Amino acid sequence: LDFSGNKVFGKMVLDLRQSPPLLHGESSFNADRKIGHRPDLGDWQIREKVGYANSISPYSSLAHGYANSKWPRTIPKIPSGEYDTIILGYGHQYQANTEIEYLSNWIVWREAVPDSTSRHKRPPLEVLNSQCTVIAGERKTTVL
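Structure determination for this PDB entry is given in the record as cryo-EM, at a resolution of 3.3 Å.

For the chain, the name recorded in the PDB entry is Lymphostatin, with Escherichia coli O127:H6 as its organism. This structure appears in the PDB under the title "Lymphostatin - Conformation III - pH 8".

In structure tokens, the structure reads:
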């Protein structure tokens, strides 16, 4: 099995004692620089907590996926079976941070990456920590 294609997913710690391997990892996340980051808030709640539009505005004109953009869809399921060699890679947990962009051509409110020339801002993306760990059972294991 190969999960090297996880450039936006770090901390792949997985247990292989049982046939269905138990995989856990922390996904890249997008935050909001107004009051905090609550993944369990929907688009309407984030919009209310930020204040870029109103609840009467159509959903098409609102910011789709603000402060809750989880591009890594939880954790893909590894089918149970026998494992001989595993191909590792390099994965990171990306911090996404954007501000409000007022697009007049569509009267919409979208996300804009911070600009260093506009006063003092934060980098558009960064990596928190860089580490991965695997536990292999009492069989023939190969890691690369």
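Resuming the write-up.
Draft legend 1. Seen up close, the pairing of strand β3 (residues 29–32). Going residue by residue along β3, you find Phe 29 and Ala 31 tucked away on one face and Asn 30 and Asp 32 tucked away on the opposite face as well. The pairing of β3 with strand β5 (residues 94–103) spans 4 bridges and is classified as parallel. What sits directly across from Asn 30, in β5, is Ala 96.

Draft legend 2. View of unusual backbone geometry. With a phi angle near 50 degrees, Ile 107 is a residue other than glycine that sits in the positive phi range. Tracing the sequence through the fold places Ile 107 in the loop between β5 and β6 (108–112). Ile 107 gets classed as partly exposed once you look at its relative accessible area, which sits at 44%. Even without being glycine, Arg 119 reaches a positive phi, approximately 60 degrees. Locating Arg 119 in the fold gives a position in the loop between β6 and β7 (125–127).

Draft legend 3. Just the environment of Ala 53, in detail. By the element assignment, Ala 53 lies in the loop between α1 (43–50) and β4 (85–86). With a relative accessible area of 12%, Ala 53 lands in the buried category. With 53 residues separating them in the primary sequence, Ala 53 and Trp 106 have C-alpha atoms 14 Å apart. Beyond its immediate chain neighbours, meaning those up to four positions away, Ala 53 contacts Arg 47, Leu 62 and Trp 109.

Cut-off values and rules
Residues numbered from 1 in each chain as written, not as in the entry; some residues may be left out. Part of a larger assembly, values for the part shown. Heavy atoms only, no water. Buried < 20%, exposed > 50% of the residue type's maximum accessible area, 1.4 Å probe, protein only. Helix = DSSP H or I, 4+ residues; strand = E, 2+ residues; numbered from the N terminus. Pairing = 2+ DSSP bridges. Contact = heavy atoms within 4.5 Å.

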